[PDB]
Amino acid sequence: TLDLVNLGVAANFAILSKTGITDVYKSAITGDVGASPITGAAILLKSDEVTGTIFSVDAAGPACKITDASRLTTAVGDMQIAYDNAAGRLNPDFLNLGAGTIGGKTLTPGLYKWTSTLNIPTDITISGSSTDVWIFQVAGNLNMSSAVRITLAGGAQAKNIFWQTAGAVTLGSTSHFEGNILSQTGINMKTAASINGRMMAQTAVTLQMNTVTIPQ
C-alpha cells in the first residue's frame, strides 16, 4: 500500500507559496495561509477572507498578519521535501492513463504518473477506502475545466490525495478540486472554483473569489 506524503509543518496551511498570494475579493479560506521568503506585502488577502492565521516573514502584509519567519521557513522547506518525496515515488501503477485527458474516469488507489500535461475536462471520481492513498505525478501542467467536480467515493479522503505537478496548475471557474496540490510553479484558480485540499506552490497562488478548505 502506498505511503502518505508527509507535509511536515506545511500540513498546517491551507495555502503556502513562495512568491505570494493574489486574490480577487472576495475569497473564503479556512486554515492558515503563508508565503516565504517573499515579503508579506505579497499576500493580497484580507482578514475577513481567512478563517485562521495569515503568516508573514516580516512586518508587511495584511493588518491581521502574524510575523513568524522561522515557522514559514520550516513550512516551505517541508513543502519542498514533500514535493521531492512525491515526485520521487517509483514503480507507478499507471502511466499516461487516458493519454493525458481523464474526464469521466473513476480513479482507484495507487501511484499514477503522466509524462505530459494532465487535463480534467469532465467530472471524475476518486474511489477507495478511508485509508487508501492516491499520488498523481504530472510532469507538465495540470488543468481542470470549468464546472468540473472531483467526487470522492467509498470513503476516500481529501487528506490522502496528493497532486505533484512540475508545471502550473489551473482550476477553471466553478470547478471543485479534491486533494493536496504540490506545484513546482503556480496554482491558479478561477472565479468561484473551490478546493478541499491544500495549495502548496513554489511560486505563487492566485485566486478569484474562491473557496479553499483545509482537508479534515
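In case it trips you up, residue 1 is the first one in the sequence shown, and so on.
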> Of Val169, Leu182, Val148, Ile161, which one's C-alpha B factor is largest in the deposited record?
Replying inline: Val148
> Considering only modelled residues of the same chain, in which third does the CA B-factor of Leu107 rank: lowest, middle or highest?
Replying inline: highest
> What third of its chain's C-alpha B-factors does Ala69 belong to: lowest, middle or highest?
Replying inline: middle
> What third of its chain's C-alpha B-factors does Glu178 belong to: lowest, middle or highest?
Replying inline: lowest
>> Test of reading the entry: by CA B factor among the chain's modelled residues, which third contains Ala60?
In response: middle
> Among the modelled residues of its chain, does the C-alpha B-factor of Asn96 lie in the lowest, middle or highest third?
Replying inline: middle
